[PDB]
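Following: one structure in structure tokens, then a few remarks.
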Amino acid sequence: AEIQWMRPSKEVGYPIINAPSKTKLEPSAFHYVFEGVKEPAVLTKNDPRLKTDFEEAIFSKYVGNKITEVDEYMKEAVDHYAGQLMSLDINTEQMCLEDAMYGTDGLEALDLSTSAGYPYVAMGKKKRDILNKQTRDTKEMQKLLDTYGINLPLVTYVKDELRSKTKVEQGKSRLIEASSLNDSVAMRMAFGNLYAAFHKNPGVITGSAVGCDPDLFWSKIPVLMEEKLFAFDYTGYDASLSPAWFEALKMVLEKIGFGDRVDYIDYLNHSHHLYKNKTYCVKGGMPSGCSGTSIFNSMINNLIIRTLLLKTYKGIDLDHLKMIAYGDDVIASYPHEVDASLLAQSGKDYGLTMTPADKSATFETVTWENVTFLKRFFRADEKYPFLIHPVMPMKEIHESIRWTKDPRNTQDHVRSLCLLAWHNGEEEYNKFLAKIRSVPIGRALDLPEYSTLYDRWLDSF
């Protein structure tokens, strides 16, 4: 993606946006009980750890667009994917403001904790001041729509999250481009049924994993995959999507019944931003905080993988391409072996930066033994092999448990980690519970034992 221009918000009539400067993260009761190397990302220029201009580093993700034209391959990719989706019979109807707000089957209600973006972020108005979960009141929202309309600037914040030492010293913090509650609502009405259809059909038909429950879904993946697996990582996926990938996305939407509101896709692609006191225009790239971001990123990944295969392996049978994406992350397969390294080359022509799966030195064969999806490995249950365990590495869990954003959610944070950890084995799990219980805070938590989680799991199928 590329910033077209940038200048003082006041110059163009926009109020300054004040974003916190102090991280809400801090050592937790288990900070010294477990090993960890990650710490809060840099949130301001005045951060002792910085080793380069912050402002300069957070915007270094923008380096241009290598392409701006949907070629022949991309068009064929569009047709094949669009064709697959056609078989789901996605409801092309628009979603009523009520369901678009408080949810329906296939779509959760709006996240009240997340920013309501402009103009409500400099208007001091929050989300609970516009909707009530038990009321189902559209009235307020409706007036707000009619008043400010849509296509409002995206409020840009630095993301408060753990980052390695390096990325802290190089001010490599990630940015949250929050959308106005107005747009988010419009888009859920425009694509609401598309979203639901995807959430209800994680797999190789939607080629999506969004909405999935790893505890159950992991056992279905091997059955959906073809003989030979292949994968790779992306560097700066969102920012790397050229405008052409958005046009191809629109072509797909048009072909499945949504040519109706494809303009919305233009706002994702060519976006208007508000960061601090400045305002800027971005051409290309996916914004991190818009309605559907996850789903559209996955749809585009399906288009991407297909395109690179058509350009590298003419005559390939896409109908035997079995892949599942979740944003940039993907697990794919084909009846025959393919060269990820080659594919990584073709992708470079399309602006994509593909590298060896899970930071490997080079492109090695991908197997059920080493493949990962959503950071989770795949391990057959030692007693009932047909049941597959999604195995998140302890290191991730250790890193995460060493901090906290609110003592009141400690019970939940630790419980959640437990639902991830036990898949590593009873031995490992008990060592984990043991260390948690080696401090006062831990001992006061209500945590599930191994046999309890293993039995619940077996019955859930």
Side-chain angles (χ1 to χ4, degrees), residues 81-82 84-117 120 127 130-146 148-152 154 177-203 205-213 246 249-269 271 286-302 325-327:
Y81 188 46
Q84 268 189 195
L85 296 182
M86 214 72 80
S87 66
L88 297 169
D89 256 309
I90 308 174
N91 192 309
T92 56
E93 261 201 298
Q94 185 159 293
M95 186 173 269
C96 81
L97 181 56
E98 185 189 294
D99 287 334
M101 282 184 77
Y102 311 94
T104 176
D105 176 53
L107 183 63
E108 298 189 336
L110 295 166
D111 193 341
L112 300 174
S113 63
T114 48
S115 181
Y120 312 157
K127 290 186 180 177
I130 308 175
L131 56 151
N132 290 302
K133 307 302 289 297
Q134 56 297 299
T135 310
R136 272 194 167 310
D137 177 67
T138 78
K139 298 162 57 185
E140 173 72 314
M141 241 304 119
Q142 186 59 278
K143 161 191 173 178
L144 289 156
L145 288 180
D146 298 318
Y148 310 75
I150 63 181
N151 196 288
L152 301 161
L154 289 184
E177 285 118 2
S179 86
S180 170
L181 174 54
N182 269 43
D183 289 306
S184 182
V185 178
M187 274 171 79
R188 287 170 64 112
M189 285 195 279
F191 306 112
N193 289 307
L194 174 70
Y195 296 163
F198 268 56
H199 292 149
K200 298 197 65 181
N201 293 279
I205 304 303
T206 55
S208 172
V210 184
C212 113
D213 167 8
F246 286 87
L249 172 54
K250 289 165 69 187
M251 289 181 235
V252 173
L253 291 169
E254 304 176 322
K255 297 188 184 287
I256 66 174
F258 297 74
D260 207 351
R261 42 283 196 214
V262 295
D263 320 69
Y264 282 120
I265 298 309
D266 284 326
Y267 311 155
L268 289 167
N269 171 28
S271 54
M286 182 70 78
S288 68
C290 286
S291 170
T293 279
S294 233
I295 286 176
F296 295 133
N297 262 344
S298 306
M299 291 183 69
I300 293 179
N301 213 336
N302 270 272
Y326 185 93

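Heads up: numbering here begins at 1 and tracks the sequence. No hydrogens, no waters, no symmetry mates; every other heavy atom, side chains included, goes into these values.
In this structure, the ring of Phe198 has its center no less than 6.0 angstrom from the ring center of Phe191.
Taken to the nearest 0.5 Å, the CZ atom of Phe296 stands 12.5 Å off from the CG atom of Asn269. In this structure, the separation between SG on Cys96 and CZ on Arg188 is 12.0 Å, given to the nearest 0.5 Å. Note that CG of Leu268 and CG of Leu249 are 8.0 Å apart. Values are rounded to the nearest 0.5 Å. Rounding to the nearest 0.5 Å places CD1 of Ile300 at 7.5 Å from CD1 of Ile265. Here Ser291 contributes atom OG and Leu110 contributes atom CG; the two are 8.0 Å apart, rounded to the nearest 0.5 Å. Taking OG of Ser298 as the reference point, atom OH of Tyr326 lies at 7.5 Å (rounded to 0.5 Å).
A perpendicular orientation is assigned to the rings of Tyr267 and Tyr264, their planes being inclined by more than 60° (bins at 30° and 60°).
Taking both residues in full, the closest heavy atoms of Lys133 and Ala109 are given as CE-CB, 3.8 Å, listed atom of the first, atom of the second, then distance. In plain terms, the two heavy atoms of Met299 and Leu194 that are nearest each other are SD-CD2, 4.3 Å. Counting all heavy atoms, side chain and backbone alike, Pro287 lies closest to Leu154 at CB-CD1, 3.6 Å. The shortest heavy-atom contact between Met86 and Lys255 is CE-O, 3.2 Å. Taking every heavy atom of both residues into account, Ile205 and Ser87 meet most closely at CG2-OG, 3.8 Å. Scanning both residues, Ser294 and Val210, for their nearest heavy atoms gives O-CG2, 4.1 Å.
Residues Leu181 and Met141 have side chains in contact (heavy-atom distance under 4.5 Å, counting atoms from C-beta outward). For the pair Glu254 and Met251, the minimum side-chain heavy-atom distance is below 4.5 Å. Looking only at side-chain heavy atoms (C-beta outward), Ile150 and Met187 stay at 4.5 Å or farther from each other. Between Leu107 and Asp99, the closest side-chain pair of non-hydrogen atoms is not below 4.5 Å. Using a 4.5 Å cut-off on side-chain heavy atoms (C-beta onward), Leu131 and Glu140 make no contact. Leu144 is not listed as a side-chain neighbour of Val185, based on a closest heavy-atom distance of 4.5 Å or more.
Although no hydrogens or angles enter the test, the distance criterion places a donor-acceptor pair under 3.5 Å between the side chain of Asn302 and the main chain of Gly207. Of the possible donor and acceptor atoms, one in the side chain of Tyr81 sits under 3.5 Å from a partner among the backbone N and O of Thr206. Looking at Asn193, its side chain never comes within 3.5 Å of a backbone N or O of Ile90 through a donor-acceptor pair. Checked by atom type and distance alone, the side chain of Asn132 never pairs as donor or acceptor with a backbone atom of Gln134 at under 3.5 Å. Between the side chain of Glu177 and the backbone N or O of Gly289, no donor-acceptor pair lies under 3.5 Å. The backbone N or O of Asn151 lies less than 3.5 Å from no partner atom in the side chain of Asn182, so there is not a single donor-acceptor pair.
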Note to self: Using side chain to side chain contact (heavy atoms under 4.5 Å, CB included), reason through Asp137 and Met101 one step at a time and then give a plain yes or no.
What the structure shows: CA-CA 9 Å; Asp137 177 67; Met101 282 184 77; over 6 Å; no

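Around atom NZ of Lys127, more than 12 heavy atoms belonging to other residues, nucleotides or ligands sit under 6.0 Å away.
Contacts classified as side-chain hydrogen bond (donor to acceptor under 3.5 Å, both in side chains) and involving residues 88-98 (residues at least two apart or in different chains) are given here: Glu98-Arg136.
Under the side-chain contact (heavy atoms from CB on, under 4.5 Å) rule, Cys290 has a single partner from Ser179, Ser180, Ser271, which is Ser179.
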